[PDB]
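K.L.:
first chunk of the complex, coordinates as they sit in the assembly:
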Amino acid sequence: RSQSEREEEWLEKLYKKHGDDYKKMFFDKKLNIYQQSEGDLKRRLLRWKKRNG
């Protein structure tokens, strides 16, 4: 499977706005338009990282 371009861009914003602090990302109103759980965000970030640096 692969992640969409928009999803990858959003994950990039999450990364270079908070880094690895999923707790802070959970409350990121601007970037986290959809109030997803910390687990889903961390899983998506790990999936994106596996395909990138």
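P.N.:
Received it, and whenever you're ready, just let me know what you need. Residues are numbered from 1 along each chain as shown, chains lettered A, B, ... in the order given.

K.L.:
Could you give me the buried positions within stretch A:46-53?
P.N.:
Within stretch A:46-53, the residues that qualify as buried by neighbour count (16 or more other Cβ atoms under 10 Å) are A:47-48. All C-beta atoms are positioned from the backbone trio N, CA, C, and that covers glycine.

K.L.:
who's in contact with that stretch?
P.N.:
For stretch A:46-53, contacts defined as Cβ atoms under 8 Å, 6 or more residues apart in numbering pick out A:2-3, A:7-8, A:11-12, A:15.

K.L.:
Would you map the helices across chain A?
P.N.:
Residue ranges of the helices in chain A, as given by DSSP state H, are A:5-18, A:22-26, A:38-50.

K.L.:
mind checking how far the second one is from the chain centre?
P.N.:
Centroid separation for helix A:22-26 versus its chain: 9 Å, with Cα atoms, centre = their mean, to the nearest Å.

K.L.:
Send over it as PDB, restricted to the C-alpha atoms.
P.N.:
What follows is helix A:22-26 as a C-alpha-only set of coordinates in PDB (Å, rounded to 0.1, in the frame of the first residue of the first chain):
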ATOM      1  CA  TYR A  22       2.000  13.000  19.300                       C
ATOM      2  CA  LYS A  23       0.300  14.400  22.400                       C
ATOM      3  CA  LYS A  24       0.900  18.000  21.100                       C
ATOM      4  CA  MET A  25      -0.200  17.000  17.600                       C
ATOM      5  CA  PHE A  26      -3.500  15.700  19.000                       C
END
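
K.L.:
add chain B to the structure above, sequence below:
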Amino acid sequence: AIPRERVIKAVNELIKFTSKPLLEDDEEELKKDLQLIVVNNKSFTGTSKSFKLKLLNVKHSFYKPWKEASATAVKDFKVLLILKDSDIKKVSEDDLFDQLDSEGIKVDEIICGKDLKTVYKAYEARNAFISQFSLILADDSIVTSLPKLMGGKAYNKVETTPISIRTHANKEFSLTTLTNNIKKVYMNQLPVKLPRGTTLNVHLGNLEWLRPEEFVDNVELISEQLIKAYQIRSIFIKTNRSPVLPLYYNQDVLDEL
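P.N.:
Once chain B is put in with the chains from before, the structure reads:
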């Protein structure tokens, strides 16, 4: 200028008075702590009761200590910025924070004349919203319209009334103009009204604010500006309706009546 010994004695007496031998701070924390100077004059701006505010230059304005010490209080200090509708879109909260975070000051919210007439039209909502902020900054262009939009209640107090701030460079709106004018107002000015009456009062803040020596210097600087501005009269340093402490005595003004 008046000797600093008299001001030192007055501030020492105020310090002694502040301490004397039922949970929340109803009025006590503000009655015996507020510092203000009463200036007498022959009908200050008797021609008209304009709501103009005079920004007296101060080396160490109370705004910074007010924000620092406002944390341990029910009321939280805040700054209100009012700008014209055309320039609000260009102005961005992120840019304002980035260019002002270095100095340490922050802007809680930005408002436009359109908002005041649509969302804050209600008297109850208007009073609730205005009372939240202690410092109000309004674009020079929109200050004339503000009294009609925001009513007259906000002008009953110095804190609530808007303060004119320049935001135009070469007749064109400039971000840096507002960015540094807000800083100058915050840390290099002291607003005060010009009532249509003999008595004039300036709120110097709580007693726990800038050190008494700094307070004495601020009092001297304010007195010099007032002397250079109007033909002022007897001046007293007063707490909340506490015994008045005379500081200046002008006699040539009486002969000019």
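
K.L.:
Find the nearest non-adjacent residue to the residue positioned nearest the centre of chain B, please.
P.N.:
What sits nearest the mean C-alpha location of chain B, by Cα atoms, centre = their mean, is residue B:191, with 3.8 Å. In this structure, residue B:191 finds its nearest non-sequential neighbour in residue B:53, 4.5 Å apart by Cβ to Cβ, 6 or more residues apart in numbering or on different chains.

K.L.:
What separation is there between the most centrally placed residue in chain A and residue B:42?
P.N.:
The centroid of chain A falls nearest to residue A:11 when counting by Cα atoms, centre = their mean (3.6 Å). To residue B:42, residue A:11 is 71 Å away according to Cβ to Cβ, to the nearest Å.

K.L.:
cool, and residue B:254?
P.N.:
In terms of Cβ to Cβ, residue B:254 sits 9 Å off from residue B:42.

K.L.:
Mutual contacts of the two, please.
P.N.:
residue B:233 (Cβ atoms under 8 Å, 6 or more residues apart in numbering or on different chains).

K.L.:
Those two: which has the busier surroundings?
P.N.:
Neighbour totals were compared for residue B:254 and residue B:42, and residue B:42 leads with 14 against 10 (other Cβ atoms under 10 Å in any protein chain shown).

K.L.:
Chain C should go on the structure too:
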Amino acid sequence: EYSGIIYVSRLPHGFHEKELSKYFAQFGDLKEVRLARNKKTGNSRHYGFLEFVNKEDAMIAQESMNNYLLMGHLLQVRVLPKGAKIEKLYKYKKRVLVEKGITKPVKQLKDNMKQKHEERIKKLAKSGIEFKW
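P.N.:
Next up, chain C placed on what we already have:
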């Protein structure tokens, strides 16, 4: 029973006596209309009294305007019992200050101010605060 006098409150800002007379003149004829106003400022207090020549006109007006919504204000109109005649209601206008107390000579008020300053020093000394000049 009820009298022709009517009490109206919740009047929208700017709804002055002339507008009330024009609007209520349709219901028969109104004897007199008065609106409460402040002394220092000429703006109305948003409540006034109007009298009708006939009680039927007063009751018709009360029924029609019992809870009429007028640009954000729901007007409430009541018909007073028998009697209860309207009292005086001055047509107050804006008050402009006039200066008259400058007749005293400057020399006399100079000594008066000196004496007042001395008395103030004595008083603040009496209050438990030590100060001079």
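
K.L.:
sorry, back to before: you'd agree the residue nearest to the centre of chain A is up against residue A:17?
P.N.:
No: using Cβ atoms under 8 Å, residue A:11 makes no contact with residue A:17, being 10.5 Å away.

K.L.:
Show me what whichever helix in chain C runs longest is packed against.
P.N.:
What stands out as the longest helix in chain C, according to DSSP H, is helix C:106-126. In terms of contacts (3 or more Cβ pairs under 8 Å, 6 or more residues apart in numbering or on different chains; DSSP states H and E), helix C:106-126 is packed against strand B:245-248, helix B:252-255.

K.L.:
buried stuff in it?
P.N.:
Neighbour-count burial for helix C:106-126 flags C:113, C:120-121, C:124 (criterion: 16 or more other Cβ atoms under 10 Å in any protein chain shown).

K.L.:
How about residues contacting that helix?
P.N.:
B:234, B:243-246, B:249, B:251, B:254-255, B:257, C:131-133.

K.L.:
One more: stretch A:11-20?
P.N.:
By Cβ under 8 Å, 6+ apart, stretch A:11-20 touches A:3, A:24-25, A:28, A:31-32, A:41, A:44-45, A:48.
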